[PDB]
Amino acid sequence: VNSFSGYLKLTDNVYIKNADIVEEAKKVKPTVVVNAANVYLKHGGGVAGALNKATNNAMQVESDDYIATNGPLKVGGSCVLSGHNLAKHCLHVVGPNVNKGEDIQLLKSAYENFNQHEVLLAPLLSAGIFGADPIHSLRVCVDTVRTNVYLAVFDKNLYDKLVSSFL
Ligand SMILES: O=C(O)[C@H]1CN(c2ncnc3[nH]c4cc(F)ccc4c23)CCC12CCC2
């Protein structure tokens, strides 16, 4: 039993809710919140900008030190950093950005990072400003992640479309 509430169950291990991931994180304080990161951990907009803003820019300060030490992530890769006031940990995961021409096959590799964590609160990778089809992202999620994932979908219209079209 965990503290996630109001989710629709899609599969044995994937759950979904129309929610603001920032507000959801603030209330649940999950062990892991996933950020829709880029390879530079520049949290300017989308989910990343919202999560970073909610940390009063502490996520960005920590991220800049991480990059200065380690260099950029790989597309499809991840790193674990602090969850600040939102979660114990933040798993920064880089899905491919279609608006940069990145290979969508890397979306499966991106979701594989979730399997290193027993339970996660997450957005749909490569959705939103990353330009991928969220229905495709949900399919890859379900077919790749084996651990327990609670997906927060900000847009109510998209949430309804994702549920109604789910196979
Ligand atoms: O979920 C969606 O409907 C959109 C938007 N996003 C998010 N997903 C969950 N929580 C969110 N909180 C946010 C606060 C913001 F300022 C901006 C975006 C998000 C956000 C990221 C892109 C997507 C996920 C599927 C396409």
Side-chain angles (χ1 to χ4, degrees), residues 1-38 43-60 62-63 78-98 107-167:
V1 180
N2 65 52
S3 151
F4 287 106
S5 176
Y7 285 76
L8 176 66
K9 181 170 178 61
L10 294 177
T11 66
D12 180 60
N13 65 298
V14 179
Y15 294 80
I16 194 167
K17 184 187 184 175
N18 175 214
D20 185 348
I21 192 172
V22 170
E23 279 319 302
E24 190 77 5
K26 277 199 289 193
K27 145 181 135 43
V28 176
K29 290 292 236 85
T31 305
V32 180
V33 66
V34 174
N35 176 36
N38 58 54
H43 309 302
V47 169
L51 291 170
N52 175 59
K53 177 178 179 186
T55 76
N56 182 44
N57 211 51
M59 178 181 283
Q60 190 65 67
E62 179 195 30
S63 292
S78 71
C79 67
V80 179
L81 291 172
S82 179
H84 300 278
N85 53 316
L86 304 179
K88 185 176 200 301
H89 301 108
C90 179
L91 181 69
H92 295 272
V93 180
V94 184
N97 189 324
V98 176
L107 186 54
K108 187 171 184 76
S109 302
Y111 275 116
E112 288 170 341
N113 295 286
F114 290 24
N115 289 321
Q116 300 294 318
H117 302 278
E118 288 192 1
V119 183
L120 315 86
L121 171 64
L124 285 170
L125 297 180
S126 296
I129 67 175
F130 280 62
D133 177 1
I135 297 180
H136 174 67
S137 181
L138 179 55
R139 186 76 257 163
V140 179
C141 181
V142 160
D143 293 341
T144 306
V145 181
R146 297 176 302 282
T147 55
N148 292 144
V149 56
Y150 289 83
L151 295 167
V153 177
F154 180 57
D155 187 64
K156 169 59 163 151
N157 186 292
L158 172 61
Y159 171 85
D160 288 347
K161 183 200 188 107
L162 285 167
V163 168
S164 294
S165 59
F166 184 70
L167 225 197

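Every heavy atom of this structure was used, including side-chain atoms; hydrogens, water molecules and symmetry mates were not. In this chain, numbering begins with 1 at the start of the sequence shown.
Counting all heavy atoms, side chain and backbone alike, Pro96 lies closest to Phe130 at O-CD2, 3.8 Å. In terms of heavy-atom proximity, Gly45 sits nearest to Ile129 at C-CD1, 3.9 Å. Looking at every heavy atom in both residues, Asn52 comes nearest to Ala58 through OD1-N, 4.2 Å. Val47 approaches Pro123 most closely through the heavy-atom pair CG2-CB, 4.0 Å.
Formation of a donor-acceptor pair under 3.5 Å by the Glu62 side chain with backbone atoms of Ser82 is found in this model. With hydrogens and angles ignored, the 3.5 Å screen pairs a side-chain donor or acceptor of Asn13 with a backbone N or O of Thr147.
Annotation: side chain of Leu151 is in contact with side chain of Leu138 (closest heavy-atom distance under 4.5 Å). In this structure, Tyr111 and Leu124 have side chains that are in contact, with non-hydrogen atoms separated by less than 4.5 Å.
Going from atom CG of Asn56 over to atom NZ of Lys53 covers 11.5 Å, rounded to the nearest 0.5 Å. Atoms CG and NE2, from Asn57 and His84 in turn, are 10.0 Å apart once rounded to the nearest 0.5 Å. Here the straight-line distance linking atom SG of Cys141 with atom NE2 of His136 works out to 11.5 Å at 0.5 Å rounding. For the atom pair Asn18 CG and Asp155 CG, the distance stands at 7.5 Å (nearest 0.5 Å). Atom-to-atom distance recorded for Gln60:CD and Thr55:OG1 is 8.5 Å, nearest 0.5 angstrom.
By the side-chain contact (heavy atoms from CB on, under 4.5 Å) test, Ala54 pairs with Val22, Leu86, sequence neighbours left out. Every residue was checked against the side chain to side chain donor-acceptor pair (under 3.5 Å) condition with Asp133, not counting sequence neighbours, and none meets it.
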Using distance only, find each side-chain donor-acceptor pair of residues 1-8 under 3.5 Å and give its atom names and separation, not counting sequence neighbours.
{"from": "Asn2", "atom 1": "OD1", "to": "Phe4", "atom 2": "N", "distance (Å)": "3.1"}
{"from": "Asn2", "atom 1": "ND2", "to": "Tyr150", "atom 2": "OH", "distance (Å)": "2.9"}
{"from": "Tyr7", "atom 1": "OH", "to": "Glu24", "atom 2": "OE2", "distance (Å)": "2.8"}

Show the atom names and distances, to 0.1 Å, of all donor-acceptor pairs under 3.5 Å that link a side chain in residues 28-38 to residues at least two apart or in another chain.
{"from": "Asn35", "atom 1": "OD1", "to": "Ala48", "atom 2": "N", "distance (Å)": "3.4"}
{"from": "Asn35", "atom 1": "ND2", "to": "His43", "atom 2": "ND1", "distance (Å)": "3.2"}
{"from": "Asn35", "atom 1": "ND2", "to": "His92", "atom 2": "ND1", "distance (Å)": "3.0"}
{"from": "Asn38", "atom 1": "OD1", "to": "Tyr40", "atom 2": "N", "distance (Å)": "3.1"}
{"from": "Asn38", "atom 1": "OD1", "to": "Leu41", "atom 2": "N", "distance (Å)": "3.1"}
{"from": "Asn38", "atom 1": "OD1", "to": "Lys42", "atom 2": "N", "distance (Å)": "3.0"}
{"from": "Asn38", "atom 1": "ND2", "to": "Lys42", "atom 2": "O", "distance (Å)": "2.9"}

Side-chain donor-acceptor pairs under 3.5 Å in residues 158-167, sequence neighbours left out?
{"from": "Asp160", "atom 1": "OD1", "to": "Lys156", "atom 2": "NZ", "distance (Å)": "2.8"}
{"from": "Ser164", "atom 1": "OG", "to": "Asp160", "atom 2": "O", "distance (Å)": "3.1"}
{"from": "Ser165", "atom 1": "OG", "to": "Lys161", "atom 2": "O", "distance (Å)": "2.6"}

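When the options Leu81, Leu51, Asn85 are evaluated for a side chain to side chain contact (heavy atoms under 4.5 Å, CB included) with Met59, the one that passes is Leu51.
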**Asked** Yes or no on side chain to side chain contact (heavy atoms under 4.5 Å, CB included) for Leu120 and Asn148, after CA distance, side-chain angles and deciding distance?
**Response** CA-CA 6 Å; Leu120 315 86; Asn148 292 144; over 6 Å; no
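A side chain to side chain donor-acceptor pair (under 3.5 Å) check over residues 112-122, counting only residues at least two apart or in different chains, returns the pairs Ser78-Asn113.
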